[PDB]
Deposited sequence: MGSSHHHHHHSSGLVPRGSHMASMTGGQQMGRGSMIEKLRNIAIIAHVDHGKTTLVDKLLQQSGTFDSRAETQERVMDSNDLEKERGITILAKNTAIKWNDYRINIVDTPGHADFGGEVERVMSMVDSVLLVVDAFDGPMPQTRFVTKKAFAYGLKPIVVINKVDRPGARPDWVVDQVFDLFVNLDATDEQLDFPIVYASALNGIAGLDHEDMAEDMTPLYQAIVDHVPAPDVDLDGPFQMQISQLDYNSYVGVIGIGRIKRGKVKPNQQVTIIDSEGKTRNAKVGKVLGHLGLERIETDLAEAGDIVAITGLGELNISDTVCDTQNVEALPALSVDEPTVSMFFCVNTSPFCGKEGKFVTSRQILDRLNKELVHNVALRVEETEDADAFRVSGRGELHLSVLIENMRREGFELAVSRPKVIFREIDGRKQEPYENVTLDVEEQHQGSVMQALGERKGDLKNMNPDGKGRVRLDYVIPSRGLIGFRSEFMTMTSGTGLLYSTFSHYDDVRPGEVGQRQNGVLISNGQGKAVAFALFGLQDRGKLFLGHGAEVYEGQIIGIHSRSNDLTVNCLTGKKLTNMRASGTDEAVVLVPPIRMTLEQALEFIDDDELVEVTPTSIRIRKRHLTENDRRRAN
């Protein structure tokens, strides 16, 4: 009784048809997407909660997973599952959800249902439980036709098989209807007429308008309020309801400025629901002021405790990152998920008009049970077979453990590896030019395990360091090619300590370029950032980043050796 409820989330890569699919389920029932679509189908109430784009480090995904009891993975019948929906799927498994895989667009010519089944199944290499991987039902669809079926040759005349699968395989909400009222805010919304809107799935009890209630946050603070309106979902809309009970995904009004993870409880029996997720950062990196003599050249405006507050602004757009204070009052220890995470932060921190010095990314070590541990992660690589012998030995040098390989049959091959983040850092740069830029690479954090004894091979080559400040002349640069490749041509402005090229030998060579050329080496942010040794820093400015030593003079460098 009152358990005909099906709270399910939906995951789909762009243009894989999740808007069309949900739309068909709506029009064929008794009732861009909406955040939640309520569907009445034969006295069943199915809530389809939407998942955000592949780039949402705010932590909305895990909030969504906290409201649903299953997830709906929509996959193109030809393209198969995309690595963009990787993490959203990962978090679904992390919340112990058993997925329902919908392979739609089955009507397109060359659709390979059998193949995309394997791909999805293999994609569940997300340390996914047997329970999750075994018996995930496969509903084939053609959303643009409104047709579904358990087989793709044998298809129903409507979306009935999909409805049935949802009813059959999605568990009812694990809630008690008779307990005292309890509801955690999962998402927020606003209406200039209604005010702040709190959205979530009622964990316990019931709620009516004008009900007296107590709000308790994650730390333990409490405040009393009276709910104004209880908005239930019906279609793509929200209507005022006189009663909402456990299991219902509803919207509440007039509780003031609700914060996410606040728990709305009956005035007595105030019980805060546990704060849910946190993506522990695995890669640390230093953000420093531009100590360089080019302090305010192109960099619009930055002092010490200026960009610091910007490192207190990105702190809620993402909780996978941390920001700590270093002894150097002009440098800060900011950590994150991967290197790509901290990378793009800079990329339009640059377009934001900033200038900063940044070290090389290092993995965050953790000591557990006396044994130090480092982050390992799963890597899938898609290269041409002319590169497979090359990229294999490369990862092997980076302490990569081979787990699986699968030839394309058409000249390519997909490789799978278990590798510590330590050895994977800055490999994307080497990888691309190694595979001539046709190869592809994807990564996903797996687990912390005992550190692999040893270190990753260092840069081997030394660097050409400028001894003074001035304009680089063609007469000197031509003589420098006798000892390696350089980073600029005639006319470029350089200072002392700045690295201008790559030494042919292993040692650092202090050279002057002040007293026609071969094409200079231009490095992108990530390409350069993978070139950096522990005694160096990248200097980033809104038009182009440059490279330098930590200690600018040759006198200071000798002391630190």
task = Would you list the gaps, meaning deposited-sequence stretches without C-alpha coordinates, in the order they occur?
result = 1 to 34, 66 to 89, 574 to 589
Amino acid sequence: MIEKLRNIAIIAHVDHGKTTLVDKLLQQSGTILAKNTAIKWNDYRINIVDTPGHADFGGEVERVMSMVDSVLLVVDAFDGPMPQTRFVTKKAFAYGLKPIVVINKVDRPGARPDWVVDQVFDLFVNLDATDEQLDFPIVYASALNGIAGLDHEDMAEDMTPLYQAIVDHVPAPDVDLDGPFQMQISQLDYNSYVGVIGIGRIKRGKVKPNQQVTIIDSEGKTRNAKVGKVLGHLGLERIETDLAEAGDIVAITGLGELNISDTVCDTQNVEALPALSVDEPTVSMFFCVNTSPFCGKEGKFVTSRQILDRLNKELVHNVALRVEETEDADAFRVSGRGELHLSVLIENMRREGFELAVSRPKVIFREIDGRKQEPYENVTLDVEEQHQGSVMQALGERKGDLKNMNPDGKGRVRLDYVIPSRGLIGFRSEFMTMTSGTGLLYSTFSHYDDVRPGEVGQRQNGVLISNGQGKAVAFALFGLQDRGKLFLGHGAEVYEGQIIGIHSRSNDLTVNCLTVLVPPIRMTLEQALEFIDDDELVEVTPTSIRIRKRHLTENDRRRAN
From here on, numbers count along this sequence of modelled residues.
request  = Pick between 227 to 235 and 481 to 489: the one whose mean CA B-factor in the entry is higher.
outcome  = 481 to 489
ask   = Looking only at CA atoms, which has the higher mean B factor in the entry: 313 to 321 or 274 to 282?
value = 313 to 321
remark   = Residue set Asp248, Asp76, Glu240, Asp328, per-entry CA B-factor max assigned to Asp328
ask   = Out of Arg414, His341, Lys105, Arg459, which shows the largest CA B-factor listed in the entry?
value = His341
message = Split into thirds by Cα B-factor across the chain's modelled residues, where does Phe294 land: lowest, middle or highest?
response = highest
ask   = Lowest, middle or highest third: where is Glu355 by Cα B-factor in its chain?
value = highest
request  = For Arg6, return the chain-relative third of its C-alpha B-factor as stated in the PDB record: lowest, middle or highest.
outcome  = lowest
ask   = Within this chain, which third does the Cα B-factor at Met434 fall in: lowest, middle or highest?
value = middle
message = Can you tell me whether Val518 has a C-alpha B-factor in the lowest, middle or highest third compared with the other modelled residues of the same chain?
response = highest
